[PDB]
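In: turn this into a model:
(one chain, ligands or ions: 2)
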Amino acid sequence: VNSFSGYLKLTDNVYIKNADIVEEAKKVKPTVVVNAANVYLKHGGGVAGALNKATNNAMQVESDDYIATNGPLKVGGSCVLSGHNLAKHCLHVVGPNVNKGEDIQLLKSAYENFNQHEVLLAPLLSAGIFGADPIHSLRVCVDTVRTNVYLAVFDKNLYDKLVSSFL
Ligand SMILES: Nc1ncn(CCC[C@H]2CCOC2)c2ncnc1-2
Ligand SMILES: Nc1ncn(CCC[C@H]2CCOC2)c2ncnc1-2
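Out: Numbers count the residues shown, from 1 in each chain. Ligands and ions are numbered 1, 2, ... in the order given. The protein structure is shown below:
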């Protein structure tokens, strides 16, 4: 049993809810919240900007030190950092950004990072300002992630479309 509430079950391991990933993290304090990161961990907008704002910029300060030591992530890669006031840990995952011309085949590699964690609260990778089709992102998630993932879909309109169209 876990603390996640109000989710619709899509498969054995994937659950979905119309929710802002930030308010959900604040309520649950999950072991792992996933950030929709870029390779520079520059948390300007989208899910990353919202998560970072909720940490009072502490996520960005920690991230700048990580990049100064390690250099940029790979598209499709990840790193584990603090979850600050939102979660125990934040898994920063880089999905391909279609609005920068990155290979959408890298979306599967991105979701494979989730398999290193038994339970996660996550957004749909490469959705929103990363420019991918969220229906596609949900299909790759279901077909790639084997651990238990609780997806927070911000847009109510999109949430209803994802559920209604799910095979
Ligand atoms: N502000 C900064 N940003 C980036 N780097 C590169 C770090 C690369 C890693 C990779 C292997 O070990 C070092 C910096 N070095 C010093 N200051 C830096
Ligand atoms: N605070 C937040 N800001 C942005 N997004 C992503 C918005 C993109 C669309 C497409 C997939 O889901 C919504 C969030 N998702 C959950 N919480 C979020």
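In: so in this structure, which helix runs the longest?
Out: As assigned by DSSP state H, the longest helix anywhere in the chain is helix 58-70.
In: does that helix reach ligand 1?
Out: Yes: residues of helix 58-70 contacting ligand 1 under CB under 6 Å from any ligand atom: 67, 68, 69, 70. Any C-beta I mention is one placed from the backbone N, CA and C, and that applies to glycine too.
In: so the residue lying closest to residue 96 once chain neighbours are set aside is in which element?
Out: Spatial nearest neighbour of residue 96, excluding adjacent residues (CB to CB, 6 or more residues apart in numbering): residue 102 at 3.4 Å. Using DSSP states H and E, residue 102 is not contained in any helix or strand.
In: wait, residue 102 touches residue 75, no?
Out: Yes: if you go by CB atoms under 8 Å, residue 102 and residue 75 touch, sitting 5.3 Å apart.
In: touching both of the two, which residues are there?
Out: Counting by CB atoms under 8 Å, 6 or more residues apart in numbering, the contacts common to residue 102 and residue 75 are residue 96.
In: where along this structure do the strands fall?
Out: Ranges of strands in the chain, per DSSP state E, are 8-9, 14-18, 32-36, 78-82, 89-93, 119-122, 148-153.
In: distance-wise, check residue 56 relative to ligand 2.
Out: Counting by CB to the nearest ligand atom, to the nearest Å, the gap from residue 56 to ligand 2 is 16 Å.
In: what's around that residue, how many residues?
Out: 11 (other CB atoms under 10 Å).
In: what's the answer for residue 18, then?
Out: By other CB under 10 Å, 18 other residues sit near residue 18.
In: need the contact list for it.
Out: 153, 154, 155, 156, 159, 160.
In: make it 7 Å
Out: For residue 18, the contact set (CB atoms under 7 Å, 6 or more residues apart in numbering) comprises 153, 156, 159.
In: now distance to ligand 2 too, for the strands of the chain, in a markdown table please.
Out: Converted to a markdown table, the strands of the chain look like this (distance: least, CB to the nearest ligand atom, whole Å):
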| stretch | distance to ligand 2 |
| --- | --- |
| strand 8-9 | 14 |
| strand 14-18 | 9 |
| strand 32-36 | 7 |
| strand 78-82 | 18 |
| strand 89-93 | 13 |
| strand 119-122 | 9 |
| strand 148-153 | 5 |
